[PDB]
Amino acid sequence: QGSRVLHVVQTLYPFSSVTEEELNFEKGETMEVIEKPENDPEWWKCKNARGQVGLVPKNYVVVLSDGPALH
Amino acid sequence: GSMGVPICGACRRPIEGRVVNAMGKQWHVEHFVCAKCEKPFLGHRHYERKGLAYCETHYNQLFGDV
Ligand SMILES: [Zn+2]
Ligand SMILES: [Zn+2]
């Protein structure tokens, strides 16, 4: 109900986040960016296609799919 | 087979034409804009402040080295 190809993201480093809303993921993890609020830090609510969710520095991953696709 | 493509810090997308090195990063000559009005310097001059781009007037409106 929330995984359309809009902004898929491939990890660049095996980060480690283990909290309530933290995302732990090994490099090579397709994460489905559920939401991208600012809040203050710059983290994003991204689900891991591995089927998990947690906040993660939106700078630790690159974006492949995009909405504005002009030409 | 080492990497070989810049990535616009604006959309985090692999750049592939004319790059703009700012903020110690790379930016699509089209996405590199002022950090106050978003005016791209396709072929114009930009101004940096506190590590953020600013048009000639916004930069100065923001500071202007004074
Ligand atoms: Zn860009
Ligand atoms: Zn400006």
Check segment B:27-45 and report whether any residue there is under 19 Å from residue A:59 (Cβ atoms), over 14 Å from the mean Cα position of the chain (by Cα), within 14 Å of chain A (Cβ to nearest Cβ) and not acidic (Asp, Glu).
-> no
Using the structure shown, decide if residue B:58 is within 16 Å of ligand 2 (Cβ to nearest atom), farther than 21 Å from residue A:12 by Cα and away from chain A (no Cβ under 14 Å).
-> yes
Has segment B:28-47 got any residue that is more than 16 Å from ligand 2 (Cβ to nearest atom), under 30 Å from residue A:11 (Cα atoms) and not aliphatic (A, V, I, L, M)?
-> yes
Of the residues in segment B:6-22 that are more than 11 Å from chain A (Cβ to nearest Cβ) and not in a loop (DSSP other than H, G, I, E, B), the one that is surrounded by the fewest Cβ atoms within 10 Å (Cβ to Cβ) is B:19
How many residues does segment B:31-42 hold that are surrounded by 17 or more Cβ atoms within 10 Å (Cβ to Cβ) and within 12 Å of ligand 1 (Cβ to nearest atom)?
-> 3
Please specify each residue of segment A:6-24 satisfying the condition of being touching a residue at least 12 places away in the same chain (Cβ under 8 Å) and more than 10 Å from the chain's Cα centre (by Cα).
-> A:6, A:12, A:13, A:14, A:15, A:17, A:19, A:21, A:22, A:24
Scan A:33, A:63 and give me the residue that is within 14 Å of chain B (Cβ to nearest Cβ), out of contact with any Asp or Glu (no Cβ under 8 Å at 6 or more places or on another chain), hydrophobic (A, V, I, L, M, F, W, C) and free of Cβ contacts under 8 Å to residues at least 40 places away in the same chain.
-> A:33
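Cβ atoms come from the backbone with ideal geometry, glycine included; neighbour counts cover every protein chain shown. Just so you know, all these numbers are worked out from the coordinates, no wet-lab data involved.
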